[PDB]
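# Coordinate analysis (summary)
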Amino acid sequence: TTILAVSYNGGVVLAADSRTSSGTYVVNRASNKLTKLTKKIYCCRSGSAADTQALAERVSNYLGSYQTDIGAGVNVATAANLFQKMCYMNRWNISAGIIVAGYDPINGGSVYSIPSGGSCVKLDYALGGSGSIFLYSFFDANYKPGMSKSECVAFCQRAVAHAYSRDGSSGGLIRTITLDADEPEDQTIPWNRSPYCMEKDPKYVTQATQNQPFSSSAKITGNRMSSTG
Amino acid sequence: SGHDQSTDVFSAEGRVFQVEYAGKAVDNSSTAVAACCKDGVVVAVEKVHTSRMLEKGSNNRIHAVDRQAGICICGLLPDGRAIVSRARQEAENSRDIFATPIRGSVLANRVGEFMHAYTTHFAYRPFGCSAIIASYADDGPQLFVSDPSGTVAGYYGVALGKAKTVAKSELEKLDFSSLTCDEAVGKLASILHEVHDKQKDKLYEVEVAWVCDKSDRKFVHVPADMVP
């Protein structure tokens, strides 16, 4: 699993791979890991699909009840603090690594990493799931806060790709979603048109010189590709 | 005769008598007055002291519920404190669970549903007091009155107690669009001095409290210099 929210000025972008593996076999190829809690408050879901789905629905329900009775919008804080309590109460039973991101009119674009333990850390940008670990360096280098909505999406896609290209667990479609003052813009980059992949990168075209013919010279040439040669 | 013994019982006319009765306990109690401004909100309450020997801040009728919201009870004080103790439990559930200061609009409705639950079942009796919830959360400055029935209603200006009638005439003379939280303290306190019977209740003081841009939208007793 690879997930990440980043905040731009107005709002946030979540981005995710779309692969749920039972280890080494890909059970689903096109999972939505971005899960609507309210209109403008999406959570990303890393770890056991079961447990994040059961928590996403349990919270999306309380935010619904809340949103009705207060007769106003939900603050993203509220979504993250509900999600912290439920991730924390059960922290031993479940295996859930959440990112609550969203927009409320008060604070604007808020992102909360709720990792395993049930910590809850308001940030500029959060990385979750197996394929997080690849991005951390990639962010430290190429991330540059104060991006436009357009760039933050184009970036997150680029990022989720760099991760799912190295991680086995992660792969498939790169679902994003931008949550700001305007109406939520989801888009689903299919793998065939992903911004980065090792297969199409010219770095990795030229094969490693492993096979190598029976020669009369220590001079490495290329691989042996014909039995005639 | 049986139509009025419990709250679980409508009369033939269709009204709960035990709730109207608890409502009579509010209208024989010490007069409270409040005023919602643009700046914030002010609650004054006359405390009628029985004995000359009471301390200053004895039978405190005004209680902080959260940072931004305080109740001012008018009616049976002890009952009112059970309301406050609840309102608090709700206001802190809002901070614990939902990570936000309770909205004033909610806190009033949460307190109404509490005071109402005691007008339904036979076991309970209705609450003897009105509560005046004064919040200043993200919904702006808000003033609300939960009466024994559980009937919330938002007010600009409000009067409760035995002077309610005359104290409401004097609240109508004010312009609520204009007045600040600093004027209001003086005028509400001026009202409670004017309406209070001098021959019946010799020993009394005027506990005032506000929440406004002055006090950092924090609900507190005003200092004893602003009161007159």
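Definitions and cut-offs
- Residues numbered from 1 in each chain as written, not as in the entry; some residues may be left out.
- Chains lettered and ligands numbered in written order.
- Part of a larger assembly, values for the part shown.
- Heavy atoms only, no water.
- Salt bridge = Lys/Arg side-chain N within 4 Å of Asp/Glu carboxyl O.
- Helix = DSSP H or I, 4+ residues; strand = E, 2+ residues; numbered from the N terminus.
- Buried < 20%, exposed > 50% of the residue type's maximum accessible area, 1.4 Å probe, protein only.
- Polar contact = N/O pair within 3.5 Å; in protein donor to acceptor, adjacent residues only side chain to side chain.
- Contact = heavy atoms within 4.5 Å.
- Buried area = accessible area lost by both parts, 1.4 Å probe.
- Nonpolar A, V, L, I, M, F, W, Y, C, P; charged D, E, K, R; others polar.

- For this deposition, the record names cryo-EM as the technique by which the model was determined and cites 3.30 Å as its resolution.

### A closer look at the pattern of salt bridges
- Applying the stated criterion across every chain, the model contains 19 salt bridges over all chains.
- A:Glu185 is the partner of A:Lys149 in a salt bridge, and the nearest nitrogen-oxygen pair spans 3.4 Å. In this pair, A:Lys149 is assigned in helix α4 (residues 149–164) and A:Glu185 in strand β12 (residues 185–189), connecting sequence segments 36 residues apart.
- For A:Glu185, a relative accessible area of 40% puts it in the partly exposed group.
- Between B:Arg86 and B:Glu90 there is a salt bridge, with its nearest N and O atoms 3.2 Å apart. With B:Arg86 and B:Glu90 both in helix α2 (residues 77–96) and four residues apart, this pair spans about one turn of that helix.
- Residue B:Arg86 is classed as partly exposed on the basis of its relative accessible area of 26%.
- Here the residues in one salt-bridge network are A:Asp69, B:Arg110 and B:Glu113, joined through shared partners.

### Here we look at the side chain of A:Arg175
All names here are of chain A.
- Checked against the element boundaries, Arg175 lands in strand β11 (residues 174–179).
- Separated by 3.2 Å, the side chain of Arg175 and the backbone oxygen of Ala30 make a polar contact.
- Within the structure, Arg175 has its side chain in polar contact with the backbone oxygen of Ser31 (distance 3.3 Å).
- Residues contacting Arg175, with those up to four places away along its chain left out, are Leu14, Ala15, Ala16, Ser18, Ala30, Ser31, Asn32, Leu34, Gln187 and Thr188.

### Concerning the interface of chain B and chain A
- The interface of chain B with chain A comprises nine residues on the first partner and 11 residues on the second.
- The contact between chain B and chain A buries some 870 Å² in all, and 59% of this surface belongs to carbon and sulfur atoms.
- Of all residues in chain B, B:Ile97, B:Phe98 and B:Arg103 give up the largest surface area on contact with chain A, accounting jointly for 48% of the area buried on that side.
- Counting across the chain B and chain A interface gives one salt bridge.
- In this structure, the salt-bridge partner of B:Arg110 is A:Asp69, at a minimum N-O distance of 3.4 Å.
- If you look at where chain B meets chain A, you find five residue pairs in polar contact.
- Broken down by class, the residue content of the side of chain B that touches chain A amounts to four nonpolar, one polar and four charged.

### Details of the side chain of B:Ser149
Residue and element names in this part refer to chain B.
- Tracing the sequence through the fold places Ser149 in the loop between β6 (140–146) and β7 (157–160).
- Polar side-chain contacts of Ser149 include one of 2.8 Å to the side chain of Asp147.
- In this structure, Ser149 is in contact with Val19, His116 and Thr119, ignoring residues within four places of it in sequence.

### Section: the environment of B:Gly104
Residues and elements named next belong to chain B.
- Examined against the element boundaries, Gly104 turns out to sit in helix α3 (residues 104–117).
- Given a relative accessible area of 0%, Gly104 falls into the buried group.
- C-alpha of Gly104 to C-alpha of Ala137: the two residues are 33 residues apart in sequence and 6.4 Å apart in space.
- Aside from chain neighbours lying at most four places away, what touches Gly104 is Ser135, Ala137, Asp139 and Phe144.

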